[PDB]
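These are the residues of each chain, in order.
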Amino acid sequence: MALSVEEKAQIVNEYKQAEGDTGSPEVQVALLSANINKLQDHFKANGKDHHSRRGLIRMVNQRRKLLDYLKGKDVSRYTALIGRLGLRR
RNA sequence: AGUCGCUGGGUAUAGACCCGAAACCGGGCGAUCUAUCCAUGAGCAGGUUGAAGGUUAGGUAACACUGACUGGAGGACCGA
Ligand SMILES: [Mg+2]
Ligand SMILES: [Mg+2]
Ligand SMILES: [Mg+2]
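Residues numbered from 1 in each chain as written, not as in the entry; some residues may be left out. Chains lettered and ligands numbered in written order. Part of a larger assembly, values for the part shown. Heavy atoms only, no water.

By the method listed in its record, cryo-EM, this PDB entry was determined to a resolution of 2.46 Å.

By the naming in the PDB entry, chain A goes by 30S ribosomal protein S15 and is assigned to Pseudomonas aeruginosa PAO1. Per the PDB header, the entry is named "PAO1 wild-type ribosome, R, reference map". Comment text from UniProt for chain A, heading Subunit, reads "Part of the 30S ribosomal subunit. Forms a bridge to the 50S subunit in the 70S ribosome, contacting the 23S rRNA." Quoted verbatim from the Sequence similarities field of the UniProt record, the comment on chain A reads "Belongs to the universal ribosomal protein uS15 family." (UniProt positions renumbered as here; feature names shortened; annotations may be inferred.)

Below, the structure is given as structure tokens:
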């Protein structure tokens, strides 16, 4: 929950599939990706924060699970999501 | 019966019959050899090996990590 409400409100509308959409995998993956990348700065300065890293790993596993489900449903939608977000490194 | 000479034998102090040390001390001369240093120059054919690093393709949540290409380290190797 390191993302502010403004940042959350910022990225939800760029990845929403329709008005009022906050549960679609694109919003979820984009929500996790922005939080994952933001936390990278914290873990650089705080390298002994093993307890907060457990939460970061969970966000990484959650994003992987969502992308794998999006793989089965619509591969074209999956492809656009990672290209826009720059995943699959 | 001493005393002063002269000559000779002996003695004392002197190198004291001649030659001969290892050494000791004083003043000088030497670092064109050599030992270390200082400054300023010069030399080291040829052939190997293949560190760190880099790039790239992967890979990682990120750091990592892997391959290839590269790179050219070393009181390193063979050898004038
Ligand atoms: Mg000389
Ligand atoms: Mg040598
Ligand atoms: Mg030799």
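## Describing the nonpolar core
Counting 21 residues, the largest nonpolar core has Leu-56, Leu-67 and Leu-81 as the members making the most contacts within it. Those elements that place two or more of their residues in this core are α1 (5-15), α2 (25-45), α3 (50-73) and α4 (75-85). Element by element, the count of residues in this core is highest for α2, at eight residues. For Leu-56, the residues in contact, after removing those within four places along its chain, are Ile-36, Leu-39 and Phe-43. (Core = buried A, V, L, I, M, F, W, Y, C linked by side-chain atoms within 4.5 Å. Buried < 20%, exposed > 50% of the residue type's maximum accessible area, 1.4 Å probe, protein only. Helix = DSSP H or I, 4+ residues; strand = E, 2+ residues; numbered from the N terminus. Contact = heavy atoms within 4.5 Å.)

## Brief notes about the pattern of salt bridges
Within the structure shown, the criterion is met by three salt bridges. Notably, a salt bridge pairs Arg-77 with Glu-26, separated by 2.8 Å at the nearest N-O pair. Placement of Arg-77 in helix α4 and of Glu-26 in helix α2 is noted, with a sequence separation of 51 residues between them. Accessibility expressed as a relative area gives 4% for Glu-26, which makes it buried. Three or more residues are tied together by salt bridges with common partners; here these are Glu-26, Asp-74 and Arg-77. (Salt bridge = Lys/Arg side-chain N within 4 Å of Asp/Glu carboxyl O.)

## A closer look at the packing of α3 against α4
Two numbers describe how α3 lies on α4: the axes approach to 6 Å, and their chain directions differ by 140°. Between α3 and α4, the interaxial angle falls into the category oblique. Counted together, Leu-67, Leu-70, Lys-71 and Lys-73 of α3 and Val-75, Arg-77, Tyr-78, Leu-81 and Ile-82 of α4 form the full contact between these two elements. Its residues assigned to classes, the contact of α3 with α4 shows six nonpolar, no polar and three charged. (Axes fitted to C-alpha atoms, helices over the stretch in contact; angles between N-to-C directions. Parallel < 35°, antiparallel > 145°, perpendicular 65-115°, else oblique. Nonpolar A, V, L, I, M, F, W, Y, C, P; charged D, E, K, R; others polar.)

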